[PDB]
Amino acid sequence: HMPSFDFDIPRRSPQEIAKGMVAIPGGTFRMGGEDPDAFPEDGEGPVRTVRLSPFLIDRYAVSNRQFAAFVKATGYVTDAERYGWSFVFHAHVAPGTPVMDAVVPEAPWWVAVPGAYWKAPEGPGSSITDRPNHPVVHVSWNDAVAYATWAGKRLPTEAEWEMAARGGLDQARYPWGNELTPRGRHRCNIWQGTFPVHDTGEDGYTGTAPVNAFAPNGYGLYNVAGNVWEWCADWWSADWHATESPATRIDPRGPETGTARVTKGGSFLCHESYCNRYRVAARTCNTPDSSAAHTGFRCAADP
């Protein structure tokens, strides 16, 4: 990818860049999944051994406070602002808010809301004053790359994201192991109840949670499962990674072309009855200038 920016890249020291990041040592892990109920068109498989070079990855998704600092320093205008609208979950749109009649095929719970963007996540009249340490949302893949580059970082590849999210466990279902709520404790912010009609908020949150909510995984990362989808660097495909080759097994970058970029981790809207995509092997995609109330990102860096 060759992005274009209207701000200069500031100088930063290695110690500044590494703050809030964990160092993942070079090594191998088993990427992918073989859950029999996986949508075969997501390409969760095959399970494969991948070798990665050492990298740094953020413990937390990028927060509102951090994104605000980026925008203050650069004047950056997000894709949602240029388009003038972004996607908000229906239950979060305040009655009377102007809404577009647009329908996302097969997903009528999404509402295109003029004026919804990172600083007004539910549209005009909403704010992030009470959400400084929540993940920034309504950020597109382009916005994420812009932030990451300004910060001296980059987006993780899907394999880097998944190695870090797995937190040192071999082929577990979730970042922490194989039970969704071990010892009856909620470990991530997803949906409980009847999707899309009623979220019971059993896990504490019916929207985003702070980036440091819940216990971390074994590598110190927080909310890799649930909370917000997280953009990764790779172009999406369902089958590029089915090939056995150095390109797909050593520091894999994904296909060289595509139309949508990979997103990982699931969000506060995920539920087993619909999209069971908070499993660490799960994956989906979105087009790179798209944005939504349940999608953000975390950064990676070369040491």
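By rigid core we mean the largest C-alpha set that fits within 1.5 Å across both forms. Residue numbers here begin at 1 and follow the sequence given.
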Greatest C-alpha divergence in 8 other deposited structures of this protein once each structure is fitted on the rigid core, 35 to 43 or 262 to 270: 35 to 43
Comparing 153 to 161 and 103 to 111 where Cα RMS over structures and residues is taken in 8 other deposited structures of this protein (core fit), larger one: 103 to 111
Mean C-alpha temperature factor, higher of 37 to 45 and 51 to 59: 37 to 45
Which of 86 to 94 and 223 to 231 has higher mean CA B factor, as the PDB entry lists it: 86 to 94
Residue, from 166, 154, 138, 186, that the PDB entry assigns the highest Cα B-factor: 186
Residue with maximal Cα B-factor (values as given in the PDB entry) among 127, 149, 212, 142: 127
Residue 273 - Cα temperature factor, lowest/middle/highest third of chain: highest
Residue 300 - which third its CA temperature factor falls in, relative to the rest of the chain: lowest
Chain-wide C-alpha B factor ranking for residue 288, given as lowest, middle or highest third: lowest
Residue 111 - Cα temperature factor, lowest/middle/highest third of chain: middle
Assigned third (lowest, middle, highest) for the C-alpha B factor of residue 122: middle
